[PDB]
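Form deposited without this ligand, single chain, as structure tokens, below.
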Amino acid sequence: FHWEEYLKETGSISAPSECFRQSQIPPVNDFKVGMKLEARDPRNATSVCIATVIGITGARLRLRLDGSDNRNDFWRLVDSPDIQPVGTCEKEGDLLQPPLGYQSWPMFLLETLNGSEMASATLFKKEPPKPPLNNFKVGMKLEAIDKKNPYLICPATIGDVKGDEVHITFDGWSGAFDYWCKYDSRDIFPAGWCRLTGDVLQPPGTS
């Protein structure tokens, strides 16, 4: 896939990077499979749990909460506020929580981290600020995560704009998995993001 040729083919423009809540220069990802960190449970934002890096993909981490099975992994950018180095939870005066389905508690936390490599505090990058305005316009193209298959990023188009929300429509598909999101969502990126970060943009659908 090549954006320049695609934009020519579809007679469209890509949304300028200034529209997204993503750093102009993508954050580098130096995490390694197996590293330990702390992550807010995707089910409960008020709960922080010990997590392990299951995989690396572009500027993102495939994560799993220690103590749970491998069916609910989630993906987070290295500059996501949902992740932090081990010890942050306690430093902020809170207590680590068990993940859903978990099966003493203090000892588990000890054993699950013992001898493990903790992701360095420097690997967690600064969260990009929210753009002051929603400058997305109907017709602009971008790269968006398929929320039903998060490991995939696909070419999309802004189908509509209302207030602080934008309608993400996936090119080539029949709206099967399109979705609305805030303009400052961390799940959308400017054209060329996958190429810069070493990920792969899925080809558009065939319809």
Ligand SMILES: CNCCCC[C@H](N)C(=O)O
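All residue numbers refer to positions in the sequence shown, first residue = 1.
Omitted here: the form deposited with this ligand bound. The next part is about that form.
For this ligand, fitted onto this chain by superposing the C-alphas round its site in the entry with it bound, the count of atoms within 2.4 Å of backbone or C-beta atoms is zero, giving an open pocket. For this ligand in the entry with it bound, the listed stretch (148-156, 48-56, 61-69, 28-36) containing residues with heavy atoms inside 4.5 Å is 148-156.
In the entry with it bound, no residue of the candidate spot (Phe1, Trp3 and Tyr6) has a heavy atom lying within 4.5 Å of this ligand.
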